[PDB]
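See structure below.
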RNA sequence: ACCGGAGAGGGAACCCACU
């Protein structure tokens with residue numbers, strides 16, 4: 014029953030806030046700086062290292078204020094909360110690509126508005 | 001997909017950790033227990049950003065241990081049947097291609113691989129390539145992927161992916 | 436119509452399915468039904484050469500269903516109610540082969556021109572189908588385990604030393620100081636692995 | 406523990422953190438006679454016990 | 229199994245599996261040693277401890293020095309009959325080694341039994357197998373093992389080495405054709421060992441052996457003492473690197489030093505990632521301080537050594553028996 | 001490691017007796 018296309022999510026998992034690769038990197042780098050200082054702490058996990066280097070290589074824009082800007086501008090337009098982060102991670106270059114990647118947006122908004130949002134996304138790309 | 005959720009857990013403390021710093025030891029115990037852990041229901045718990053609340057700890061009757069109900073914000077990774085995320089190749093093999101996603105590792109099978117991606121054993125690095133020789137899928141490449149199915153192994157999540165879908169390939 | 440089984444009888448099952456979008460229960464005889472499954476659900480192999488193995492079905496064909504095992508990603512094709528032999532029909536997966544005059548192994552993967560063979564030293568080698576000879580298996584072999592128990596083909600043993608220490612397996616073949624074992628939980632090499640008999644104990 | 410079970414003011418078992426139970430009355434090997442702060446020892450009843 | 233000398237292959241040395249022959253060669257060794265049980269008849273030295281070093285003062289002792297070598301008794305039975313016996317009772321047949329009789333150089337030695345180590349020795353950058361003759365049990369059936377260790381060392385020189393150098397000077401023995409060099413382990417008295425420990433040999437010594445002057449005896453000899461630095465010093469530990477965090481306790485990873493036949497952790501080690509490579513592998517450890525620390529990993533061995541072995545080595549390392557500690561103890565006698 | 005110290009040793013019924 015759990016399908017990303019039809020937007021079924023667990024009730025316990027419904028209210029969670031979804032995240033971007035770049036902001037996940039800034040959080041993980043904050044944790045890394047926290048652990049490297051204040052010694053006599055456990056060594057970070059292989060999972061932590063893999064996620065850190067993954068989101069480093071997959072970081073779209075490094076700027077912190079850009080994260081807040083893109084989040085706010087995209088949420089201002091009425092869209093489902095799960096779609097914000099997946100769209101910003103994938104960064105489609107055409108609205109046809111965006112609808113192919115996420116079928117939910119197909120028919121949700123017109124081609125011109127979808128392409129304008131995508132163009133803003135690439136505009137804030139670093 | 002990456003998320004920010006609040007979770008509930010209870011940690012037992014041995015009486016020797018009471019000390020003058022009990023809450024710090026509580027924080028350390030929770031970190032060491034739920035850092036890098038995996039649950040089939042909620043997926044990978046990558047890191048704990050903050051601890052929302054640490055409740056009143058109850059002394060177990062007949063046991064010196066004390067359990068604290070703890071509220072904490074953690075970032076989780078649990079993939080979907082139907083989500084699309086970019087992945088990175090780790091190994092080229094004749095059974096299939098090994099690619100790495102975050103903490104989790106998934107493989108694409110040959111029958112799920114489109115028939116255009118022919119095998120190249122004889123290339124010095126084993127490769128997935130077309131007859132037109134345009135698309136070169138090789139070790140350490142970053143690719144699009146469609147994860148269809150997930151499995152839990154020793155409370156750790158592994159998944160499987162599909163690549164038949166359009167536009168889904170090399171970045 | 437597809438739906439889930441409420442109850443069951445032995446012949447006319449009077450399977451009372453709850454079909455998708457149907458709140459009513461119908462009745463079907465067994466002969467009218469088959470076990471369907473969309474791709475991506477977990478399946479178990481109920482009976483066959485593969486029975487006990489599990490996997491996610493990637494593709495469904497007419498009556499054919501293909502899937503990847505959870506232990507190993509080695510492919511599987513089975514019937515909807517539920526080959527195992529290479530092209531050429533001479534050899535089949537899991538068989539004992541002679542690699543050269545001194546070395547034996549077990550075939551653990553079938554390819555169009557080659558096999559992957561787990562040799563008696565624990566290494567996997569690639570060989571052309573004709574470069575190995577089919578070896579007569581000694582189903583009545585006996586050896587000693589680490590506690591001097593007699594062990595035989597089909598016995599369940601625990602590994603208590605060596606690389607696979609902590610594992611558990613079924614003895615599939617025995618040769619001199621070597622044992623080829625199978626454990627379905629091991630996805631590597633289709634579940635096959637090799638241990639010294641003195642590193643084993645009868646479970 | 407060194408006195409052991411034979412002498413009366415002694416112990417019968419010594420329980421370690423893993424839960425391993427060592428029996429003191431049947432030739433305990435001098436290695437596991439050694440004990441750390443986490444362990445429990447099953448001494449005999451003594452004067453002042455309630 | 230049977231690997232004659234590991235690290236170098238030796239031409240003409242051939243293990244023997246054929247029961248008619250093998251069975252005898254093993255037996256003629258028990259015979260010559262006056263040996264009781266099954267297995268290896270040869271003298272087994274004991275590790276020097278704070279009790280042991282005392283004997284150095286209770287009678288005369290000669291000292292030589294332990295090289296890492298493989299223990300072999302060489303049985304010289306005839307013209308092509310030459311065999312090696314190891315700690316295991318495994319038997320090898322050595323092919324082009326020839327032993328002339330001091331009297332008739334055309335005659336070959338028979339019913340002779342020697343004790344010694346087989347040692348790879350690199351000179352001129354190259355690995356030369358040597359057999360060091362460290363004792364002789366039997367010579368032409370003559371019960372020389374009953375003689376004085378000084379008599380026996382002299383026997384070896386005159387009855388074994390000297391005849392062969394003689395046949396060598398004449399070309400009738402080609403040092404080049406022979407599977408390995410044959411030599412007598414050199415022995416000196418107690419005082420000279422002191423010099424060994430202004431030591432410029434301070435790297436090259438794996439230890440010392442202290443040999444009493446008494447007649448040869450088989451099996452366990454509490455009066456032959458092997459001394460090895462405790463730093464090097466020294467038991468085979470089966471290690472399970474384990475994340476042992478008790479209930480209510482912060483999870484901790486430790487290395488549990490298991491031994492043979494004792495189901496529990498004998499000791500603990502300061503586990504480290506640079507020690508994580510040899511997970512679940514047999515290792516040697518050094519008990520300099522209260523902490524056992526790792527020198528080398530023994531892939532050849534699969535089982536940890538026994539609990540009684542662990543006890544003996546712990547006692548020995550607790551009472552460190554040094555060269556100066558026993559030098560005076562024998563010099564008093 | 002040569003065995004691993006293995007001790008767990010039915011039960012129901014009735015009778016007598018103790019405080």
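Residue numbers (the entry's author numbering), protein chains in the order written: chain D, 14 to 139; chain G, 1 to 171; chain Z, 436 to 517, 526 to 646; chain A, 406 to 455; chain M, 229 to 425, 430 to 565.
Every residue gets a Cβ at the ideal spot worked out from N, C-alpha and C, and that includes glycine.
Determine the contact status of residue i and residue j, defining contact as a CB-CB distance below 8 Å.
i	j	result
residue 499(Z)	residue 512(Z)	yes
residue 102(D)	residue 33(D)	yes
residue 460(M)	residue 439(M)	yes
residue 508(Z)	residue 96(G)	yes
residue 415(M)	residue 382(M)	no
residue 478(M)	residue 539(M)	no
residue 94(D)	residue 103(G)	no
residue 585(Z)	residue 563(Z)	no
residue 624(Z)	residue 613(Z)	yes
residue 327(M)	residue 319(M)	no
residue 518(M)	residue 434(M)	no
residue 83(G)	residue 1(G)	yes
residue 448(M)	residue 469(M)	no
residue 66(G)	residue 142(G)	no
residue 510(Z)	residue 94(G)	no
residue 368(M)	residue 412(M)	no
residue 450(M)	residue 270(M)	yes
Strictly under 8 Å for the Cβ-Cβ distance: is residue i near chain G by that measure?
i	result
residue 55(D)	yes
residue 74(D)	no
residue 288(M)	no
residue 475(Z)	yes
residue 11(D)	Because chain D in this structure spans residues 14 to 139, residue 11(D) falls outside the shown range and cannot be described.
residue 104(D)	no
residue 49(D)	no
Excluding the 5 residues flanking residue i on each side, which residues of the same chain have their C-beta closer than 6 Å to its C-beta?
i	result
residue 206(M)	The requested residue 206(M) is not part of the displayed model; chain M covers only 229 to 565.
residue 496(M)	none
residue 283(M)	455
residue 158(G)	151
residue 374(M)	447
Starting from the C-beta of residue i, find all residues in its chain whose C-beta is less than 7 Å away, skip the five residues before and the five after it, and write them out in chain order.
i	result
residue 71(D)	34
residue 646(Z)	599, 600, 601, 611
residue 529(M)	510, 513, 515
residue 528(Z)	535
residue 498(M)	489, 490, 491, 542
residue 437(Z)	454, 455, 471
Within 8 Å (strictly less), CB to CB, does residue i reach chain A?
i	result
residue 477(M)	no
residue 427(M)	For chain M, the structure lists 425 followed at once by 430, and that leaves residue 427(M) out of the model.
Could you confirm whether any beta carbon from chain D is found closer than 8 Å to the beta carbon of residue i?
i	result
residue 84(G)	yes
residue 103(G)	yes
I'd like to know if residue i contacts chain Z, where contact means its C-beta is closer than 8 Å to some C-beta of that chain.
i	result
residue 412(M)	no
residue 14(G)	no
Return yes when at least one heavy atom of the ligand NAP lies under 7 Å from the C-beta of residue i, else no.
i	result
residue 597(Z)	Within the structure as shown, the ligand NAP is missing, as the structure has no ligands at all.
Output yes if chain M places a C-beta closer than 8 Å to the C-beta of residue i; else output no.
i	result
residue 437(A)	yes
residue 29(G)	yes
residue 39(G)	no
For residue i, which residues does DSSP report across the bridge?
i	result
residue 87(G)	143(G)
residue 242(M)	321(M)
residue 357(M)	348(M)
residue 261(M)	In DSSP, residue 261(M) forms no bridge with anything.
residue 550(Z)	560(Z)
residue 460(Z)	453(Z)
Go through its chain and collect everything with a Cβ distance to residue i's Cβ below 8 Å, but skip five positions before and after it.
i	result
residue 273(M)	441, 453, 456, 457, 458
residue 424(M)	293, 437, 440, 555
### Query
Which parts of the stretch 567-636 of chain Z are runs of the beta strand (DSSP E), unbroken and 3 residues or longer, counting only runs that do not cross its ends?
Complete beta strand (DSSP E) runs here, min 3: 567-571, 585-587, 593-595, 599-602, 611-618, 621-625.
#### Entry: Minimum length 3: unbroken beta strand (DSSP E) runs contained in the stretch 100-125 of chain G
104-109, 118-120
### Task
Let me know the beta strand (DSSP E) ranges lying completely inside the stretch 434-472 of chain M, each 3 residues or longer, listed in chain order.
Segments of the beta strand (DSSP E) lying fully in the stretch 434-472 of chain M: 440-444, 452-459.
### Message
My parser needs the alpha helix (DSSP H) runs of 4 or more residues fully inside the stretch 52-80 of chain G; what are they?
### Response
none
### Query
Which runs of the beta strand (DSSP E) spanning at least 3 residues fall entirely within the stretch 257-318 of chain M, listed in chain order?
272-275, 289-292, 298-304, 310-314
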